[PDB]
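Chemist: Provided herewith is a single structure, encoded as C-alpha cells, for subsequent inquiry.
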Amino acid sequence: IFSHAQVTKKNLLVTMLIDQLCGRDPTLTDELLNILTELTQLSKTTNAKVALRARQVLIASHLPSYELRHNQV
Amino acid sequence: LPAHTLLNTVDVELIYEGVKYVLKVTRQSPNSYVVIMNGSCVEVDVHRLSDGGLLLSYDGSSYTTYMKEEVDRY
Amino acid sequence: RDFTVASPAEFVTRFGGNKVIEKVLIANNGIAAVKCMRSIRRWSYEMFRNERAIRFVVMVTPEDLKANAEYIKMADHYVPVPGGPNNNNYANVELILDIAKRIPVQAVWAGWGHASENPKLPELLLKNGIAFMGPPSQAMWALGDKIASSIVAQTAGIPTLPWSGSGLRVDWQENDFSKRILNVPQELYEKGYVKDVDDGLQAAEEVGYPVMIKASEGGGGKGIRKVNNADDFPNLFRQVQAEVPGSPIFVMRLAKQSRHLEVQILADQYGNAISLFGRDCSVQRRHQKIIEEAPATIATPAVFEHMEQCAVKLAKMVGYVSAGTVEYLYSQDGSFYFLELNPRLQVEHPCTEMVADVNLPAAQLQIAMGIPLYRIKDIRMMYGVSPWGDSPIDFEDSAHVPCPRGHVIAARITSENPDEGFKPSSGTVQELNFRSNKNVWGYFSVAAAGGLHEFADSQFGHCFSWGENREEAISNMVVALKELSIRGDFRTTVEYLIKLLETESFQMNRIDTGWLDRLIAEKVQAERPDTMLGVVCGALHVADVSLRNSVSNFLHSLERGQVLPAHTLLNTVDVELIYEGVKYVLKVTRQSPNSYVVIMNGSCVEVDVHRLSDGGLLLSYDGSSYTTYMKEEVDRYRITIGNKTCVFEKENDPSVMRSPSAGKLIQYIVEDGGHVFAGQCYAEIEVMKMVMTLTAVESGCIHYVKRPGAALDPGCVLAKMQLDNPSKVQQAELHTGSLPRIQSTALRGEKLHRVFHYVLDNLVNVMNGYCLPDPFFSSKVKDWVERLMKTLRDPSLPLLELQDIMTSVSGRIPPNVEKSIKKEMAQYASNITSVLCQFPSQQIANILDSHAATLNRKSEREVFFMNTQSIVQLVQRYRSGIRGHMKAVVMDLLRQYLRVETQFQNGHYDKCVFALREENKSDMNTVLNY
Amino acid sequence: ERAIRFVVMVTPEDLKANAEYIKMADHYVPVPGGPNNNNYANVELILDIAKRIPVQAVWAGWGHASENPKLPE
Amino acid sequence: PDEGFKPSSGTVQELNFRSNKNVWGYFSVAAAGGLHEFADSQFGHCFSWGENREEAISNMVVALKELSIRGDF
C-alpha cells in the first residue's frame with residue numbers, strides 16, 4: 001500500500017530508467033521483452049505514461065537503426 | 001483504510017523564544033530523514049534506540065536525543 | 001600556573017611536540033572504546049577547559065547498534081561498518097585505513113581489541129601520515145612469535161627462560177636496535193624447531209618430565225600436547241607433528257605452579273622508556289584473568305626492581321613506544337622467568353593508574369603528538385618535579401622516587417555461567433545498578449536498556465577498589481560486589497567472585513596460576529540461600545503469576561461481554577518445585593491482597609507480600625524482609641533472593657504423553673507397543689469440533705492408557721513411553737515434613753487497639769472472599785471473632801484510640817482544647833471498672849465546639865476544623881459508648897454480606913453477572929469483586 | 001556485612017514509589033502515611049516501634065525527629 | 001530552574017551515574033520508582049576528591065556532564 005501511494009513519482013523514475021537502457025540502442029533481449037510486454041498491460045490510467053513509453057520502445061525496436069539500410073541500399 | 005492515512009510527510013510547528021518555526025519532515029529511507037524549511041532542506045541520519053531516544057547524525061556530529069511531550073510544551 | 005591553551009595546536013607548540021591530533025579513530029568497541037573516550041576527555045577538560053576538544057570517531061556494526069552499546073552514545077561521530085565476525089569490522093586493517101582517510105583523522109587508537117595484534121596496521125597508517133597510538137611495526141615484528149621473543153630477550157640483561165627450545169642465545173646488543181635477521185639466530189630457530197621424531201627428545205633430556213610440545217600454528221584446542229612421562233614423549237610428540245602437518249613444531253619446558261607478575265612499561269618516541277609499576281595477575285581460570293592486584297606484593301624489593309630493569313632494557317633495545325606489558329613467572333624462591341611482551345595497553349591498566357596517579361591513554365595521546373616524557377604533567381609529578389616546567393628528568397638517577405600509593409583490586413565481571421561449567425551466555429539487560437562508594441568505582445559497556453549479542457565478547461564491566469593495604473581493598477571490593485544488582489536473561493558471574501575473595505587462601509595470598517582450576521574440580525559453586533526460604537519464595541512467585549493471569553484474563557473477558565464461571569478466578573494455586581532431586585509440593589492461598597499463606601504437608605506459614613514496581617516482590621517471612629525476583633525459563637525457575645540465586649527444576653521428566661487441551665480422543669495412529677520417533681504423530685484427538693493430531697516428544701516404545709474414545713482433560717495421562725532413561729531417574733523422594741514457624745504477628749497482648757484493627761481487617765477480608773482452605777478455615781476465624789468480641793467490650797479501647805490520634809497532632813491544636821481533652825481522658829481513665837464509667841465523647845466535642853464557637857477567622861478557622869477531624873471521628877464512633885460501637889461493627893459486617901449476596905439472587909449466575917455489568921458500566925473491577 | 005540489623009518505617013507512599021532504602025533494610029514495619037507528624041516526627045510512635053520490635057538503638061540523623069529534644073528522654 | 005525553583009515530582013525513567021576514579025555518589029531512588037508529594041527534594045549527592053581545589057572542580061564538572069537523569073520531574 002505504502003509504495004503504491006507514490007505511484008506517479010515512481011512512474012517518473014520508470015521512464016528515466018527506460019530511456020537510459022533502451023534509448024539510442026534499438027535492440028531488446030528476451031529478458032527486457034518480458035518486462036516491457038508486462039508493463040504495457042497496466043491498464044489503469046495512473047500508470048499510462050510508463051505503459052505508453054514502453055510501447056514506444058517495443059514497437060520502435062523493429063526498424064533497422066539506419067546503418068543496415070544505408071549499407072544494403 | 002485509504003492510502004492517505006499512512007502519510008510520509010508531517011508538518012511540525014514549534015515556537016522558541018517567541019519565534020515560530022514551521023517545518024516539513026519527510027523520509028528518503030527508513031533511516032534517512034529530510035527536514036524542510038522555507039524551501040531549504042537538510043538530511044539527517046536517524047536511528048531508533050531501544051531506550052526510546054534517537055541517534056542523529058546531522059552535520060558530521062552525532063547526537064543522542066530524547067523528547068517528552070507535555071500538555072503545551074515539548 | 002601561566003599556561004593558556006585552548007586548542008591542541010597550542011598545546012603541541014608549548015610542550016614541544018611535532019604532530020597535532022584533533023580527531024582520533026577508535027578501532028574497537030565495548031569497554032575499550034568507553035574507557036578511551038572517558039579518560040581522554042577528562043584530560044582534555046583539564047588542559048583545554050573543553051571536555052570535547054578531541055573528537056572521537058567509532059565504527060558501529062548493526063549488532064552493536066541494536067544492542068544499544070554504551071560507546072555509541074558517547075562518541076562524537078559514528079560510521080557504520082559491516083557486521084559479523086571481527087575480520088569484517090575491526091580486525092580489517094585496510095578498512096581501518098579506509099575510514100581513517102575517508103574521515104580525516106590524525107590518529108588511530110586500537111587498545112586491547114582485535115587489531116593491536118596485527119603488525120601490519122602501523123605500517124599502513126604511517127605510510128599515509130596517520131599516527132598510531134602504539135608501537136611501530138618493527139618492534140611488533142621483533143616481538144613476533146615465541147621463539148624470536150625468547151631469543152631477543154637474551155641480547156641485553158638476560159632474564160631466565162625455561163629452555164625456549166633451548167637456553168642458547170645470540171651475541172650482545174645491550175642498547176642497539178636490531179632486526180630478527182635469520183643469519184645468526186637461524187641456528188637457534190633450527191634448535192627451536194624440530195623436524196624428525198627424535199629431535200624433540202633432545203629437549204626432554206634437559207628440561208625433565210613436564211614437557212609441552214606445540215606447533216607453530218597450534219591453538220584453539222589442537223596442536224598442543226602435554227607430556228607428563230619420559231617414555232611417552234614420542235607418542236604425543238608425533239601427535240603434535242600430525243596436528244598441523246607440514247609446519248615446524250617446537251618444544252618447551254612447562255611452567256611450574258607459581259605466580260604471574262607483570263610490569264607496565266611506558267615510552268616516548270625519543271628513546272626514553274620508564275617502568276611505571278607492576279601487577280600481580282595470578283587469579284586465572286583456564287589461563288583467563290579474573291582478578292588483578294596492583295602492588296606486586298609477593299616479590300621482594302630487590303628481585304622486583306631487577307624485573308623492572310630487565311623490562312625497561314628490553315623496551316629500549318627493541319624500540320618500543322607508547323605503552324606495553326612485560327610478563328614474568330615468579331617462583332616462590334625469588335627467581336623470575338621471562339614469558340612474553342604484550343605490545344599494547346591492557347584492559348587491567350587502571351590498576352597501575354590508581355596507584356601512580358597517571359592517565360595512560362592520555363599519555364598515549366601525548367606521546368603520539370611527539371611529546372617527550374619529561375614534559376608530560378603526571379610523569380613530572382611522579383618523579384617529584386614541578387608539573388609546570390620544562391626541565392629534563394634523569395630517569396635513571398631518580399628511579400627510586402616513584403612509589404605506589406595504596407593497593408588496588410580489580411575484579412572483572414564476565415558473562416559466563418558458573419552453573420554447568422563456564423559457558424558464555426547472552427541476552428538482554430533488565431537492570432544494571434552499580435552502587436559506587438568511597439574508593440570504589442566501575443564501569444560497564446552496556447546500560448539497563450540494551451544487551452549482549454552473539455559477537456559481543458565477555459567482560460562487560462570492571463569494578464575497582466582502592467585501600468591503604470591489601471585487607472582494606474579486599475573489604476571494599478567484597479561489600480561493593482555484594483551490593484550491586486545485575487538482572488537479565490544471561491547469567492552474570494559475580495557471586496563466584498565473592499566466594500573467591502572470602503576464601504582464606506586468597507586473603508592470605510597463598511595462590512598460584514592453578515588455584516582456581518583445582519577449586520573448580522572440587523565443586524565449589526556455593527553461595528546458595530537456605531532451602532526452606534527458597535522453596536517458599538519460588539512458591540510465592542509461581543502462585544502470584546498464576547493469580548494475576550487469572551485476574552487479567554477474567555477481567556478482560558468481562559470487558560468484552562463474556563461471563564466465565566466462578567472457578568476460573570481461583571485464589572489457590574498448586575506449585576511443584578524440584579530442588580537437588582527432592583520434589584516439594586505446596587499450596588498457596590491468600591488471607592488478604594497482601595497476606596499469603598504457603599501450605600505444605602498440613603503445615604502453614606504466613607508471609608507479607610508487596611508488589612514492587614520493578615517486577616519483584618517484597619517479602620516479610622520470619623521477621624526478616626527479602627527482595628526477590630523470578631524468571632521463568634523453558635524447564636527451570638530462576639529465583640533471586642537478595643544477592644543469592646537458587647534454581648528450581650520444572651518437572652517434565654516422566655516421559656508421559658499428555659493431552660495439551662480438553663476434548664475427546666478419536667483414535668491412535670500407531671500400534672500399542674510399537675516404537676515411535678520424536679516428531680511422529682501418535683494420536684488423533686478432537687476438541688472444538690476441529691481435529692488436532694499429537695506428535696511424540698521422545699523416541700521410544702509407546703503404551704496407551706486411555707482406550708480409543710475417551711474424554712480428555714488438559715494435562716491428563718494419555719500414553720506412557722519407555723525410553724532408555726539417560727538420567728533424571730526417581731527425582732521425587734517427596735518431602736514430607738513441615739516448614740519453619742516461630743512468629744505470626746498475632747499481636748498477642750499488644751496494646752489491644754491494634755488487635756482491634758488486626759482481627760477486624762482479617763474478618764473483612766474473609767467477607768471479601770479471602771479464605772483459608774478446609775482444615776484451616778474456622779480454625780482461626782473462630783479465634784478472630786472471640787478476640788474481637790473481647791476487644792469491643794473492653795472499656796479501655798476508645799481512650800487508646802484517643803491517645804494515638806491526639807499524640808500524632810501536638811502542634812496546630814490550640815492549647816486550651818489540648819489541656820481540656822487531656823484532663824477529660826484522664827478522668828475517664830480514673831473511672832475504669834465502674835458501672836457508671838462512660839467515655840466522655842460529648843465533653844471532648846463540647847470543648848472543641850466551644851473553640852469553634854469563638855470561631856477564629858482567616859486560616860485560624862480551617863486549621864482548627866481540619867487538624868481535629870480524627871477526634872471528631874473518634875467521638876462520633878463512641879456516641880453511645882462501647883456497646884453501641886460493638887453493635888455497629890458487627891452490623892457493618894452483616895451489611896457487607898448482604899451487599900454481595902442480594903445481587904446473586906433472582907436467577908442464574910450469568911444473568912446476575914450481566915445485571916452487575918450493566919449497572920457498573922464504567923468499572924469492571926467492581927463486578928469482579930462481587 | 002549484616003551483623004547489625006536495621007529496621008525501617010515504611011509509609012505507603014515510599015512503598016509505591018519504590019524507595020531505595022526499603023530493599024536495603026533487614027526488616028520493615030508499616031506506619032501511617034501523610035505528613036511527617038504521622039510517620040517520622042512522632043516521637044511516641046518511634047518509641048512504640050522501638051519497644052514493639054526489640055531494638056537497642058535509634059538513629060535519627062538529619063530528618064525530622066532530631067530537632068525534637070523530647071525523643072532522647 | 002525554569003520559572004524560579006518550584007519543586008517538581010514524578011516518575012524516573014533513567015538514573016545512570018557514571019562513577020570514576022575519585023568520584024562517587026548515591027541516590028534515594030532507582031530507575032524504577034519516583035518522587036511523591038511528601039518526598040523531599042535532595043534525591044542525590046555527588047562527591048569528588050582531588051589533591052587541591054582545581055582538580056576537584058575538574059572531576060566534579062566532568063562527572064556532572066556525564067550523568068543522565070530523565071523523568072517527569
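In the C-alpha cells, chains take the letters A, B, ... in the order shown, each chain's residues start at 1, and ligands count up from 1 in the order shown.
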Would you give me, as a PyMOL selection string, the residues of chain A that come within 12 Å of chain B, using only C-alpha atoms?
Modeler: chain A and resi 1-7
Chemist: Which residues are close to residue 27 of chain B, i.e. within 12 Å by only C-alpha atoms, leaving aside same-chain residues fewer than 4 positions away? Reply as a short mmCIF file (atom, residue, chain, number, x, y, z; two decimals) with C-alpha atoms, in the first residue's frame.
Modeler:
data_model
loop_
_atom_site.label_atom_id
_atom_site.label_comp_id
_atom_site.auth_asym_id
_atom_site.auth_seq_id
_atom_site.Cartn_x
_atom_site.Cartn_y
_atom_site.Cartn_z
CA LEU B 7 1.44 9.53 5.31
CA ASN B 8 5.19 10.00 4.90
CA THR B 9 5.19 13.78 5.45
CA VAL B 10 4.50 15.59 8.72
CA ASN B 31 16.59 5.88 8.42
CA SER B 32 17.16 8.95 6.22
CA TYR B 33 15.04 11.93 7.20
CA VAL B 34 14.74 15.27 5.45
CA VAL B 35 13.77 18.48 7.23
CA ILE B 36 12.50 21.28 5.01
CA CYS B 41 16.36 21.06 3.03
CA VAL B 42 18.74 19.24 5.33
CA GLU B 43 19.38 15.50 5.53
CA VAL B 44 19.75 13.65 8.82
CA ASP B 45 20.61 10.04 9.51
CA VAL B 46 18.27 8.83 12.25
#
Chemist: For segment 12-16 of chain D, list every protein, DNA or RNA residue within 9 Å, evaluated using only C-alpha atoms, and leave out those in the same chain fewer than 4 positions away; present the list as a list in words.
Modeler: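 Selected residues are residues 610, 611, 612 and 613 of chain C; 20, 22, 30, 31, 32, 33 and 34 of chain D; 33, 34, 35, 36, 37, 38 and 39 of chain E.
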Chemist: Residues of the last selection are to be written out with N, CA, C and O atoms, as an mmCIF file, in the first residue's frame.
Modeler:
data_model
loop_
_atom_site.group_PDB
_atom_site.id
_atom_site.type_symbol
_atom_site.label_atom_id
_atom_site.label_comp_id
_atom_site.auth_asym_id
_atom_site.auth_seq_id
_atom_site.Cartn_x
_atom_site.Cartn_y
_atom_site.Cartn_z
ATOM 1 N N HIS C 610 4.363 -7.690 49.150
ATOM 2 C CA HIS C 610 4.055 -6.437 48.492
ATOM 3 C C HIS C 610 4.674 -6.455 47.110
ATOM 4 O O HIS C 610 5.803 -6.912 46.928
ATOM 5 N N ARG C 611 3.913 -5.989 46.140
ATOM 6 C CA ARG C 611 4.379 -5.933 44.770
ATOM 7 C C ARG C 611 5.204 -4.674 44.565
ATOM 8 O O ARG C 611 4.773 -3.570 44.914
ATOM 9 N N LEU C 612 6.385 -4.846 43.995
ATOM 10 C CA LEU C 612 7.263 -3.739 43.677
ATOM 11 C C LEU C 612 7.049 -3.322 42.236
ATOM 12 O O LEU C 612 6.690 -4.133 41.380
ATOM 13 N N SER C 613 7.275 -2.040 41.975
ATOM 14 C CA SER C 613 7.064 -1.511 40.638
ATOM 15 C C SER C 613 8.051 -2.074 39.626
ATOM 16 O O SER C 613 7.784 -2.011 38.422
ATOM 17 N N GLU D 20 14.471 3.548 47.792
ATOM 18 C CA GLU D 20 15.651 2.704 47.713
ATOM 19 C C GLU D 20 15.943 2.029 49.045
ATOM 20 O O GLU D 20 16.402 0.883 49.080
ATOM 21 N N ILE D 22 14.080 0.759 51.221
ATOM 22 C CA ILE D 22 13.212 -0.349 51.590
ATOM 23 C C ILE D 22 13.898 -1.676 51.302
ATOM 24 O O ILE D 22 13.897 -2.590 52.134
ATOM 25 N N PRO D 30 5.195 -1.179 58.667
ATOM 26 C CA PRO D 30 4.409 -0.094 58.090
ATOM 27 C C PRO D 30 3.977 0.896 59.148
ATOM 28 O O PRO D 30 3.796 0.547 60.315
ATOM 29 N N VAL D 31 3.833 2.146 58.725
ATOM 30 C CA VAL D 31 3.316 3.211 59.576
ATOM 31 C C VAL D 31 2.311 4.018 58.769
ATOM 32 O O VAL D 31 2.221 3.874 57.539
ATOM 33 N N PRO D 32 1.520 4.860 59.430
ATOM 34 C CA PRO D 32 0.600 5.720 58.686
ATOM 35 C C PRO D 32 1.336 6.766 57.876
ATOM 36 O O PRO D 32 2.344 7.323 58.309
ATOM 37 N N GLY D 33 0.792 7.059 56.700
ATOM 38 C CA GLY D 33 1.400 7.988 55.780
ATOM 39 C C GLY D 33 0.921 9.401 55.991
ATOM 40 O O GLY D 33 0.210 9.715 56.946
ATOM 41 N N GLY D 34 1.341 10.266 55.075
ATOM 42 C CA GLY D 34 0.983 11.660 55.102
ATOM 43 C C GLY D 34 2.151 12.518 55.539
ATOM 44 O O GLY D 34 3.309 12.196 55.256
ATOM 45 N N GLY E 33 10.733 3.667 39.961
ATOM 46 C CA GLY E 33 10.356 4.418 41.131
ATOM 47 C C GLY E 33 10.294 5.894 40.829
ATOM 48 O O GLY E 33 10.530 6.340 39.710
ATOM 49 N N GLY E 34 9.980 6.653 41.863
ATOM 50 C CA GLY E 34 9.780 8.060 41.662
ATOM 51 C C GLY E 34 9.827 8.846 42.943
ATOM 52 O O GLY E 34 10.220 8.345 43.997
ATOM 53 N N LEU E 35 9.410 10.096 42.820
ATOM 54 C CA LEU E 35 9.360 11.051 43.910
ATOM 55 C C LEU E 35 7.925 11.514 44.063
ATOM 56 O O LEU E 35 7.324 12.003 43.102
ATOM 57 N N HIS E 36 7.390 11.363 45.264
ATOM 58 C CA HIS E 36 5.999 11.656 45.536
ATOM 59 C C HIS E 36 5.903 12.991 46.262
ATOM 60 O O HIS E 36 6.898 13.684 46.479
ATOM 61 N N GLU E 37 4.678 13.343 46.646
ATOM 62 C CA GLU E 37 4.401 14.692 47.126
ATOM 63 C C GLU E 37 5.139 14.984 48.421
ATOM 64 O O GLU E 37 5.716 16.064 48.585
ATOM 65 N N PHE E 38 5.135 14.036 49.347
ATOM 66 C CA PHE E 38 5.793 14.194 50.633
ATOM 67 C C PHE E 38 7.261 13.816 50.605
ATOM 68 O O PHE E 38 7.908 13.826 51.655
ATOM 69 N N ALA E 39 7.801 13.488 49.441
ATOM 70 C CA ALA E 39 9.198 13.109 49.313
ATOM 71 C C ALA E 39 9.988 14.377 49.042
ATOM 72 O O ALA E 39 9.775 15.045 48.025
#
Chemist: Report the closest atom pair, with its distance in Å rounded to one decimal, for each residue of chain E that has an atom no farther than 12 Å from chain B; count only C-alpha atoms, sort by chain and then rising residue number, and write it as a Markdown table.
Modeler:
| residue | atom | partner | partner_atom | distance |
| --- | --- | --- | --- | --- |
| E:13 | CA | B:51 | CA | 9.6 |
| E:14 | CA | B:51 | CA | 9.3 |
| E:68 | CA | B:66 | CA | 11.4 |
| E:69 | CA | B:66 | CA | 11.5 |
| E:70 | CA | B:66 | CA | 9.1 |
| E:71 | CA | B:68 | CA | 8.9 |
| E:72 | CA | B:68 | CA | 8.3 |
| E:73 | CA | B:68 | CA | 11.0 |
Chemist: Which residues, written as an MDAnalysis selection string, have at least one atom at most 12 Å from residue 67 of chain E, with only C-alpha atoms counted and residues fewer than 2 positions away on the same chain left out?
Modeler: (chainID C and resid 74) or (chainID E and resid 14:20 23:25 46 60:65 69:70)
Chemist: Save out the residues we just selected, C-alpha atoms, as a compact mmCIF listing (two decimals), in the first residue's frame.
Modeler:
# COMPACT_ATOMS: atom_id res chain seq x y z
CA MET C 74 29.48 8.73 23.92
CA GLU E 14 16.56 6.58 33.85
CA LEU E 15 19.15 7.16 36.55
CA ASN E 16 22.70 6.45 35.40
CA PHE E 17 25.54 7.97 37.39
CA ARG E 18 28.82 7.05 35.74
CA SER E 19 31.33 6.88 38.53
CA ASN E 20 35.04 7.21 38.03
CA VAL E 23 34.13 10.39 42.10
CA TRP E 24 31.12 8.75 43.64
CA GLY E 25 27.56 9.44 44.58
CA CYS E 46 27.72 13.58 44.17
CA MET E 60 33.00 17.27 39.53
CA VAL E 61 32.34 19.15 36.30
CA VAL E 62 33.16 16.22 34.07
CA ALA E 63 31.17 13.75 36.16
CA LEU E 64 28.12 16.00 36.20
CA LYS E 65 28.33 16.46 32.45
CA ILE E 69 18.73 11.72 34.72
CA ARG E 70 15.46 11.51 32.84
Chemist: Run DSSP on the backbone and give me the residues of segment 2-73 of chain A it puts in alpha helix (DSSP H), as an mmCIF file with N, CA and C atoms, in the first residue's frame.
Modeler:
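For reference, selection04.cif as written:
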data_model
loop_
_atom_site.group_PDB
_atom_site.id
_atom_site.type_symbol
_atom_site.label_atom_id
_atom_site.label_comp_id
_atom_site.auth_asym_id
_atom_site.auth_seq_id
_atom_site.Cartn_x
_atom_site.Cartn_y
_atom_site.Cartn_z
ATOM 1 N N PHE A 2 1.866 1.284 0.875
ATOM 2 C CA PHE A 2 2.695 2.465 1.037
ATOM 3 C C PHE A 2 3.413 2.802 -0.253
ATOM 4 N N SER A 3 3.976 1.795 -0.913
ATOM 5 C CA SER A 3 4.701 2.074 -2.140
ATOM 6 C C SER A 3 3.753 2.409 -3.272
ATOM 7 N N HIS A 4 2.537 1.873 -3.237
ATOM 8 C CA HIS A 4 1.566 2.205 -4.264
ATOM 9 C C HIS A 4 1.096 3.640 -4.154
ATOM 10 N N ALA A 5 1.114 4.205 -2.950
ATOM 11 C CA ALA A 5 0.588 5.551 -2.770
ATOM 12 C C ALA A 5 1.361 6.582 -3.578
ATOM 13 N N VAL A 7 2.655 6.531 -6.672
ATOM 14 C CA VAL A 7 2.780 5.839 -7.946
ATOM 15 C C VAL A 7 3.278 6.779 -9.038
ATOM 16 N N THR A 8 2.863 8.043 -8.999
ATOM 17 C CA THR A 8 3.213 8.976 -10.068
ATOM 18 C C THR A 8 4.708 9.266 -10.080
ATOM 19 N N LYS A 9 5.260 9.528 -8.903
ATOM 20 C CA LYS A 9 6.690 9.751 -8.765
ATOM 21 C C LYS A 9 7.485 8.527 -9.220
ATOM 22 N N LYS A 10 7.025 7.340 -8.829
ATOM 23 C CA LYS A 10 7.648 6.113 -9.297
ATOM 24 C C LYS A 10 7.624 6.031 -10.810
ATOM 25 N N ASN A 11 6.533 6.473 -11.427
ATOM 26 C CA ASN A 11 6.441 6.401 -12.878
ATOM 27 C C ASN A 11 7.468 7.299 -13.536
ATOM 28 N N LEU A 12 7.691 8.480 -12.961
ATOM 29 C CA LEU A 12 8.763 9.339 -13.458
ATOM 30 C C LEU A 12 10.090 8.597 -13.458
ATOM 31 N N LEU A 13 10.386 7.911 -12.355
ATOM 32 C CA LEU A 13 11.637 7.157 -12.311
ATOM 33 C C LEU A 13 11.661 6.055 -13.362
ATOM 34 N N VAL A 14 10.520 5.407 -13.591
ATOM 35 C CA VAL A 14 10.485 4.287 -14.527
ATOM 36 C C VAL A 14 10.829 4.769 -15.918
ATOM 37 N N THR A 15 10.281 5.911 -16.303
ATOM 38 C CA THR A 15 10.557 6.414 -17.640
ATOM 39 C C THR A 15 12.015 6.800 -17.780
ATOM 40 N N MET A 16 12.589 7.408 -16.739
ATOM 41 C CA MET A 16 14.003 7.751 -16.824
ATOM 42 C C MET A 16 14.865 6.507 -16.956
ATOM 43 N N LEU A 17 14.483 5.423 -16.290
ATOM 44 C CA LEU A 17 15.269 4.203 -16.384
ATOM 45 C C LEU A 17 15.051 3.454 -17.680
ATOM 46 N N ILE A 18 13.915 3.650 -18.337
ATOM 47 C CA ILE A 18 13.755 3.070 -19.661
ATOM 48 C C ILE A 18 14.623 3.816 -20.655
ATOM 49 N N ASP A 19 14.587 5.147 -20.612
ATOM 50 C CA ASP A 19 15.300 5.928 -21.614
ATOM 51 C C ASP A 19 16.803 5.713 -21.546
ATOM 52 N N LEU A 32 14.216 -8.257 -21.307
ATOM 53 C CA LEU A 32 13.559 -6.967 -21.330
ATOM 54 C C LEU A 32 12.221 -7.030 -22.031
ATOM 55 N N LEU A 33 12.073 -7.926 -23.004
ATOM 56 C CA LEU A 33 10.803 -8.034 -23.703
ATOM 57 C C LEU A 33 9.700 -8.467 -22.760
ATOM 58 N N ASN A 34 10.003 -9.413 -21.876
ATOM 59 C CA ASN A 34 9.015 -9.847 -20.901
ATOM 60 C C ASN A 34 8.567 -8.684 -20.025
ATOM 61 N N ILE A 35 9.517 -7.887 -19.538
ATOM 62 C CA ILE A 35 9.173 -6.745 -18.702
ATOM 63 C C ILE A 35 8.347 -5.744 -19.482
ATOM 64 N N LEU A 36 8.757 -5.430 -20.703
ATOM 65 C CA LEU A 36 8.072 -4.389 -21.452
ATOM 66 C C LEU A 36 6.658 -4.812 -21.807
ATOM 67 N N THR A 37 6.488 -6.065 -22.202
ATOM 68 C CA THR A 37 5.169 -6.546 -22.553
ATOM 69 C C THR A 37 4.287 -6.705 -21.336
ATOM 70 N N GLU A 38 4.870 -6.954 -20.165
ATOM 71 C CA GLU A 38 4.077 -6.950 -18.948
ATOM 72 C C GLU A 38 3.721 -5.533 -18.547
ATOM 73 N N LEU A 39 4.606 -4.591 -18.835
ATOM 74 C CA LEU A 39 4.421 -3.228 -18.374
ATOM 75 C C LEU A 39 3.367 -2.515 -19.197
ATOM 76 N N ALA A 48 -0.311 5.207 -17.059
ATOM 77 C CA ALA A 48 -0.334 5.358 -18.504
ATOM 78 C C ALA A 48 1.030 5.712 -19.075
ATOM 79 N N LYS A 49 1.714 6.693 -18.476
ATOM 80 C CA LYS A 49 2.973 7.191 -19.022
ATOM 81 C C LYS A 49 3.995 6.080 -19.189
ATOM 82 N N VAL A 50 4.054 5.157 -18.233
ATOM 83 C CA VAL A 50 5.009 4.065 -18.332
ATOM 84 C C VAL A 50 4.568 3.079 -19.395
ATOM 85 N N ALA A 51 3.266 2.834 -19.490
ATOM 86 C CA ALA A 51 2.779 1.862 -20.456
ATOM 87 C C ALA A 51 2.878 2.416 -21.861
ATOM 88 N N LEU A 52 2.684 3.722 -21.997
ATOM 89 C CA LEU A 52 2.898 4.381 -23.273
ATOM 90 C C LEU A 52 4.351 4.276 -23.701
ATOM 91 N N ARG A 53 5.265 4.762 -22.860
ATOM 92 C CA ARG A 53 6.665 4.843 -23.254
ATOM 93 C C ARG A 53 7.227 3.468 -23.571
ATOM 94 N N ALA A 54 6.913 2.483 -22.731
ATOM 95 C CA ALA A 54 7.305 1.107 -23.001
ATOM 96 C C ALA A 54 6.849 0.676 -24.383
ATOM 97 N N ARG A 55 5.587 0.954 -24.717
ATOM 98 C CA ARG A 55 5.076 0.620 -26.038
ATOM 99 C C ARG A 55 5.934 1.258 -27.117
ATOM 100 N N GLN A 56 6.271 2.540 -26.941
ATOM 101 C CA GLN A 56 7.086 3.238 -27.928
ATOM 102 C C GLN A 56 8.418 2.551 -28.118
ATOM 103 N N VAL A 57 8.972 2.010 -27.041
ATOM 104 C CA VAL A 57 10.207 1.263 -27.177
ATOM 105 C C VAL A 57 9.948 0.002 -27.971
ATOM 106 N N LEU A 58 8.960 -0.777 -27.538
ATOM 107 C CA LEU A 58 8.782 -2.122 -28.063
ATOM 108 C C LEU A 58 8.459 -2.098 -29.543
ATOM 109 N N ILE A 59 7.678 -1.112 -29.977
ATOM 110 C CA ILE A 59 7.337 -1.020 -31.386
ATOM 111 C C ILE A 59 8.484 -0.402 -32.162
ATOM 112 N N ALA A 60 9.264 0.481 -31.532
ATOM 113 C CA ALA A 60 10.339 1.137 -32.263
ATOM 114 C C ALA A 60 11.526 0.210 -32.453
ATOM 115 N N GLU A 67 21.942 2.107 -40.157
ATOM 116 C CA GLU A 67 23.212 1.683 -40.723
ATOM 117 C C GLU A 67 22.992 0.529 -41.679
ATOM 118 N N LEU A 68 22.104 -0.386 -41.301
ATOM 119 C CA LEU A 68 21.790 -1.515 -42.157
ATOM 120 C C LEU A 68 21.167 -1.052 -43.462
ATOM 121 N N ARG A 69 20.213 -0.126 -43.384
ATOM 122 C CA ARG A 69 19.581 0.377 -44.593
ATOM 123 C C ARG A 69 20.578 1.105 -45.479
ATOM 124 N N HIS A 70 21.389 1.996 -44.896
ATOM 125 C CA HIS A 70 22.429 2.672 -45.668
ATOM 126 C C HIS A 70 23.316 1.667 -46.383
ATOM 127 N N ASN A 71 23.817 0.675 -45.649
ATOM 128 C CA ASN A 71 24.753 -0.272 -46.228
ATOM 129 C C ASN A 71 24.112 -1.113 -47.322
ATOM 130 N N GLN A 72 22.946 -1.704 -47.060
ATOM 131 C CA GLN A 72 22.316 -2.564 -48.059
ATOM 132 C C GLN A 72 21.958 -1.776 -49.316
#
Chemist: Neighbouring residues of residue 567 of chain C were defined as those with any atom within 12 Å, considering only C-alpha atoms; residues of the same chain fewer than 4 positions away were excluded. Please report them as a compact mmCIF listing (two decimals) with N, CA and C atoms, in the first residue's frame.
Modeler:
# COMPACT_ATOMS: atom_id res chain seq x y z
N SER C 550 -4.94 -15.12 36.01
CA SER C 550 -6.36 -15.41 36.16
C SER C 550 -7.17 -14.13 36.22
N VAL C 551 -6.74 -13.19 37.06
CA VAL C 551 -7.46 -11.93 37.20
C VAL C 551 -7.51 -11.19 35.88
N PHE C 554 -9.78 -13.03 33.22
CA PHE C 554 -11.17 -12.97 33.62
C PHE C 554 -11.74 -11.57 33.43
N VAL C 563 -18.99 -13.87 30.16
CA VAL C 563 -19.07 -14.27 31.55
C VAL C 563 -18.45 -15.64 31.66
N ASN C 571 -8.31 -18.58 43.92
CA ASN C 571 -7.46 -17.98 44.93
C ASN C 571 -6.44 -18.95 45.48
N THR C 572 -6.42 -20.19 44.99
CA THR C 572 -5.47 -21.19 45.42
C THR C 572 -4.70 -21.71 44.22
